[PDB]
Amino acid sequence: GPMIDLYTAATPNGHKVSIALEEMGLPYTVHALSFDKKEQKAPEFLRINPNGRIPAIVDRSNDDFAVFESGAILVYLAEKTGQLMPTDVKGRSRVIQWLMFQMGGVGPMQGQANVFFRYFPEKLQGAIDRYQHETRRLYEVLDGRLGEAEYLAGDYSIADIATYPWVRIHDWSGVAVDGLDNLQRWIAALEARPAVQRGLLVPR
């Protein structure tokens, strides 16, 4: 079968990896973990990702080598296929920089907006405001960069793939993109890519 096993769920972080696999044309096997049944905390899965979160992959071509953390999976797959990250020092670093910005900024902060605005047992408007405002600030950083280049690292790369599934759900998080015309251009460009469309449907 496929050489990549993908452990995932219908979430922004899972969609990063299914989008990348679809863009790269790599076959994969989907393991859709049920958070309802706490399958992401099963010790059989903890052997693959000790953090007990999705996504994770196992590369069957590499002696069943596990890779956890969406950003690390994106780097691993880009380096395996030679796609979606340049090989030169500056070009690869620009991808890694914007990927790290997503991994330490956009994902964590927008995820906390979702917690306080949608999930938390009571409404704490000061915490909601903190994370919605911070996410907007991060979106403004993105927008400025997207006036310098068509995609975050220049050419389209894994940095865009990491960032887009989060920006796509800004309405759920209560964070606006109005006034960020470069970000909106990039949203439209990403949305029009067939591989993005396919990756957003994994898992069903």
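Heads up: residue numbers just count along the shown sequence, starting at 1.
Tell me which stretch has the larger mean Cα B-factor in this entry, 86-94 or 99-107. Comparing 86-94 with 99-107, the higher mean C-alpha B-factor belongs to 86-94.
Report the stretch with the higher mean CA temperature factor, choosing between 75-83 and 108-116 on the basis of the entry. Going by the record's values, the stretch with the higher mean is 75-83.
Per the coordinate record, which of the options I161, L26, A56, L146 holds the highest CA temperature factor? If I rank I161, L26, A56, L146 by C-alpha B-factor, first place goes to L26.
From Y151, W166, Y139, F65, can you pick the one with the highest C-alpha B factor in the entry? It is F65.
Taking only the Cα B-factors deposited for this chain, tell me whether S157 sits in the lowest, middle or highest third. For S157, the deposited C-alpha B-factor lands in the lowest third.
Compared with the other modelled residues in the chain, in which third is the CA B-factor of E122? Ranked within chain, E122 CA B lands in the highest tercile.
Which third, lowest, middle or highest, does the C-alpha temperature factor of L183 belong to within its own chain? Lowest third, going by the recorded CA B-factors of the chain.
Split the chain's modelled residues into thirds by Cα B-factor; is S70 in the lowest, middle or highest one? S70: CA B-factor falls in the lowest third of its chain.
Select lowest, middle or highest to describe the third in which the CA B-factor of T135 falls within its chain in this entry. According to the entry, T135 has a C-alpha B-factor in the chain's lowest third.
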